[PDB]
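one piece of my complex first, more on the way:
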Amino acid sequence: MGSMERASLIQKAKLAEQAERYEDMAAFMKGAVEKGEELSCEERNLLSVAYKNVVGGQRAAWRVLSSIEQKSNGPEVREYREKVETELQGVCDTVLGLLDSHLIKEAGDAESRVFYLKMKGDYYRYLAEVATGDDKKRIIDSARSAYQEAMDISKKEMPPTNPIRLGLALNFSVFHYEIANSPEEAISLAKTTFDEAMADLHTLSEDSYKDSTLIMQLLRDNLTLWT
Amino acid sequence: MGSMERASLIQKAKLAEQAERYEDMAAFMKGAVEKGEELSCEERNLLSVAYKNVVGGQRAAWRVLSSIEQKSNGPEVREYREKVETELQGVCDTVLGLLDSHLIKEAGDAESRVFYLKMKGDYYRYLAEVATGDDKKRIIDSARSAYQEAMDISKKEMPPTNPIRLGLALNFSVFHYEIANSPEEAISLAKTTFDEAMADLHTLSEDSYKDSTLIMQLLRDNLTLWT
């Protein structure tokens, strides 16, 4: 998207979201990142929304195909599951490459650095969902390392109700439960996160209260399913 | 998809439908058509479902963008509406090209020939939705001609409850109402189609009754909105 102005790419990503054209939205935001400037808060959210929708559709398709393949156990179901898997891996590698070149290294404020490290954990987690064997081990460790660095910064630099801090903890708890085979660590992290947020709600405005309590309810929903 | 077996393309189109991967489904069914054999009833439905979902998403996005553009009346909204419009036109041209090379000319049975001529009317109708001016006139006439030939065959060769005959009449009535500025022709066609189907329901099995009454309800729903 090298010939399109940064501001036009941002504008078009917002239009693509309204039109539910998430592949276009992700391509516009990739173009915007590749202009080389840092991203504002709103721009970071557009990047994350675009890719989460693209990879979310791929993951849902991969799960349908993997289920059909497991039930059947010609080459067609495996071949097509492999096709979708390779496409998913390519999208995850693209996002990880944007984070590595050069969004994380330029992110100095806690809000930006935690946001990008949470993305890095999420996209390694999606790689881990489709990985097997020893590849799976190193990919799992890469997710864990990214989430852990984000957690360490978030606990030092953000209040316990901050929505990015909350969503990081939610997604790291899902990583523990679903990827790392550590359900007790998942439950402990979700409970501690919920309780420490509850105790800080009194400091919030009405609108911030709504933002934080929405994520707290997601932590509660997981705790109800896990306990 | 020239190196993939026909049967494998069909198999993968069915998997792509289950996975809600409609762009893949359409590419598999294009590959299957291009093998050069005629399509069975089930295969014709896979082709139609795939493309209706692809172009349906494009049309929904084009309508969102066209609405934003009309409200605003920089170049970005128009440029992006034009992008989506060109993509939509390309998908319609691809389907029309499959029908022309060579599905229609090889279709001798009424069920296949009516099905393909209804598709031809539908994809010219989608071209007409985005067309302007005199281009619009010739595109509108191409839709009308395809639907009219399908109607003439359907009335000679199929019972008034046949689901393809019913869906053809429904879509031709939408063409009259929405494209040709002929609401009275739309209402007359929907009413006559509904009444002549009602009078033939007594001939049907329970399962055929369900198929025909489902489409009749769609005719009724339009008549309620138009009257």
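That came through, no problem. Numbering: from 1, shown residues only, chains lettered A, B, ... in the order given.

Can you check which helix is longest in chain A?
For chain A, the helix with the greatest residue count under DSSP state H is helix A:41-72.

Show me what counts as buried in that helix.
A:43-44, A:46-55, A:57-59, A:61-62, A:64-66, A:68-69 (16 or more other Cβ atoms under 10 Å in any protein chain shown). No exception for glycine: its C-beta is placed from N, CA and C like everyone else's.

Please tell me how far residue A:156 sits from residue A:150.
Distance, residue A:156 to residue A:150, using Cβ to Cβ, to the nearest Å: 11 Å.

neighbour count winner among the two?
Between residue A:156 and residue A:150, counting by other Cβ atoms under 10 Å in any protein chain shown, residue A:150 is the more crowded of the two (26 against 8).

Return the residues in contact with that one.
A:113, A:114, A:117, A:118, A:121, A:168, A:172 (Cβ atoms under 8 Å, 6 or more residues apart in numbering or on different chains).

how about a cut-off of 6 Å?
For residue A:150, the contact set (Cβ atoms under 6 Å, 6 or more residues apart in numbering or on different chains) comprises A:114, A:117, A:118, A:168.

Can you tell me the closest non-neighbouring residue to the second one?
Same thing as residue A:117. What sits nearest to residue A:117 in space, not counting adjacent residues and going by Cβ to Cβ, 6 or more residues apart in numbering or on different chains, is residue A:150, at 3.7 Å.

Give the helix, strand or coil label for the residue of chain A most remote from its centre.
Distance to the chain centre peaks in chain A at residue A:74, reaching 35.2 Å (criterion: Cα atoms, centre = their mean). Under the three-state scheme (DSSP: H, G, I helix; E, B strand; the rest coil), residue A:74 adopts coil.

Include this sequence as chain C:
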Amino acid sequence: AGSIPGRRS
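Following on from the chains above, chain C is added here:
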């Protein structure tokens, strides 16, 4: 006005 939804095999 609805056409055949036509989006499920």
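
since we added chain C, can you redo the contacts of residue A:150?
Residue A:150 touches A:114, A:117, A:118, A:168, counting by Cβ under 6 Å, 6+ apart.

For the residues you listed, which two are the farthest from each other?
Across those, the longest distance by Cβ to Cβ is 8.1 Å; it joins A:117 and A:168.

my read: residue A:226 touches residue A:187, true?
Yes: with contacts counted by Cβ atoms under 6 Å, residue A:226 reaches residue A:187, the gap being 5.5 Å.

who's more crowded, the two?
residue A:187 (17 against 14).

For chain C, see how far away the residue farthest from the centre of chain A is.
20 Å (Cβ to the nearest Cβ, to the nearest Å).

Same question for residue A:125.
In terms of Cβ to the nearest Cβ, residue A:125 sits 32 Å off from chain C.

report the angle between the axes of the strand or helix carrying that residue and helix A:41-72?
Element membership of residue A:125, judged by DSSP states H and E, is helix A:110-130. Relative orientation of helix A:110-130 and helix A:41-72, computed by axes from the mean of the first three to the mean of the last three Cα atoms, to 10 degrees: 10 degrees.

So which elements touch helix A:110-130?
helix A:76-98, helix A:133-157, helix A:163-174 (3 or more Cβ pairs under 6 Å, 6 or more residues apart in numbering or on different chains; DSSP states H and E).

That helix: how far from the chain's middle?
5 Å (Cα atoms, centre = their mean, to the nearest Å).

swap in stretch A:50-58?
That offset, for stretch A:50-58, works out to 10 Å (Cα atoms, centre = their mean).

Ranking the helices and strands packed on helix A:110-130 by mean neighbour count, which comes first?
By mean neighbour count, with neighbours taken as mean count of other Cβ atoms under 10 Å in any protein chain shown, helix A:163-174 ranks first of these at a mean of 22.

That one: how far from the chain's middle?
10 Å.

now for chain D:
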Amino acid sequence: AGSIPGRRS
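Adding chain D to what we have so far:
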């Protein structure tokens, strides 16, 4: 288990 849906700006 639900992660952040994260699919709407």
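
Same as before for the buried residues of helix A:41-72, with chain D this time.
So for helix A:41-72, counting by 16+ other Cβ under 10 Å, buried means A:43-59, A:61-62, A:64-66, A:68-69.

give the contact list for the residue in chain C that chain D sits nearest to.
Here the residue of chain C nearest chain D is residue C:7; by Cβ to the nearest Cβ that distance is 21.2 Å. By Cβ under 6 Å, 6+ apart, the residues touching residue C:7 are B:52, B:53.

how close does it get to residue A:62?
22 Å.

before we move on, what about residue A:14?
Taken as Cβ to Cβ, the span from residue A:14 to residue A:62 is 29 Å.

Equivalent analysis for residue A:112, please.
30 Å.

before we move on, what about residue A:212?
Residue A:212 is 32 Å from residue A:62, by Cβ to Cβ.

Could you do residue A:203 as well?
Distance from residue A:203 to residue A:62, by Cβ to Cβ: 42 Å.

ok, now residue A:165?
Distance from residue A:165 to residue A:62, by Cβ to Cβ: 30 Å.

I'd like to know how many residues surround residue A:100.
12.

quick revisit: for the helix holding residue A:125, C-alpha coordinates in PDB please.
Only the C-alpha atoms of helix A:110-130 are listed here, as PDB (Å, rounded to 0.1, in the frame of the first residue of the first chain):
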ATOM      1  CA  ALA A 110       3.400   1.300  29.000                       C
ATOM      2  CA  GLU A 111       0.100   1.500  27.200                       C
ATOM      3  CA  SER A 112       1.600   0.800  23.800                       C
ATOM      4  CA  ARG A 113       4.200  -1.700  24.900                       C
ATOM      5  CA  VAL A 114       1.700  -3.800  26.900                       C
ATOM      6  CA  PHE A 115      -0.800  -3.700  24.000                       C
ATOM      7  CA  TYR A 116       1.800  -5.000  21.500                       C
ATOM      8  CA  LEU A 117       3.200  -7.600  23.800                       C
ATOM      9  CA  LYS A 118      -0.300  -8.900  24.400                       C
ATOM     10  CA  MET A 119      -0.800  -9.100  20.600                       C
ATOM     11  CA  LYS A 120       2.500 -11.000  20.400                       C
ATOM     12  CA  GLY A 121       1.300 -13.500  23.000                       C
ATOM     13  CA  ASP A 122      -2.100 -13.900  21.300                       C
ATOM     14  CA  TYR A 123      -0.700 -14.600  17.800                       C
ATOM     15  CA  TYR A 124       1.800 -17.100  19.200                       C
ATOM     16  CA  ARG A 125      -1.100 -18.600  21.000                       C
ATOM     17  CA  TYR A 126      -3.000 -19.000  17.700                       C
ATOM     18  CA  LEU A 127       0.100 -20.600  16.200                       C
ATOM     19  CA  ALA A 128       0.200 -23.000  19.200                       C
ATOM     20  CA  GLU A 129      -3.400 -24.000  18.700                       C
ATOM     21  CA  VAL A 130      -2.400 -25.600  15.300                       C
END
